[PDB]
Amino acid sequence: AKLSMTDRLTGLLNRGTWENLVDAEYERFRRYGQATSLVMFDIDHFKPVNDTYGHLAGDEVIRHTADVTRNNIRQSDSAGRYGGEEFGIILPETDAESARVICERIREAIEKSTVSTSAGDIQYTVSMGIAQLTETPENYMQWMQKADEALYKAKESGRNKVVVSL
């Protein structure tokens, strides 16, 4: 019964469990210094999508996003549903430049997608933020903060894009 750890709608890890994994990777880094990156991404114009096509359509968009993610990342990477339309991925042994590759592959897969819903045929995009862990963040939440900041820049910078935290 691994139901305590997963999000019902997407099947991905839930926020609580995913964060525990982020914290575990953070401490592993503090000890060993391996390249490791974090991704935080959101579905673009979600509210508008939800308002326009209905919440059921929105759920399908969320489920498809999770499916694209699940089928596009390594079993050693860890994806989680952080919030309503927000997702996160832990990418161990992966530096910033390498993270951009998997992120772009996901971005493109989503961009080329068509969510066949009962309300209509939808096309959407995602904004993504990447933050490779450095010695600066003093706890895992400050690491998450850097990725979230990169995500905001991606959204404000045009959306349907990947931004790496500098």
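From 1 onward, residues are counted along the sequence shown.
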*Hey, which bit's got the bigger mean C-alpha B factor in the entry, 18-26 or 153-161?*
153-161
_Can you tell me whether 44-52 has a higher mean C-alpha B factor than 94-102 in this record, or the other way round?_
44-52
*Which of these, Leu133, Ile110, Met141, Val39, has its C-alpha atom at the highest B-factor, as the entry lists it?*
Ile110
*For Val61, the third of its chain into which the C-alpha B factor falls*: highest
*Could you say whether, by C-alpha temperature factor, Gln75 belongs to the lowest, middle or highest third of its chain?*
middle
_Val126 by Cα B-factor - lowest, middle or highest third of the modelled chain_ = middle
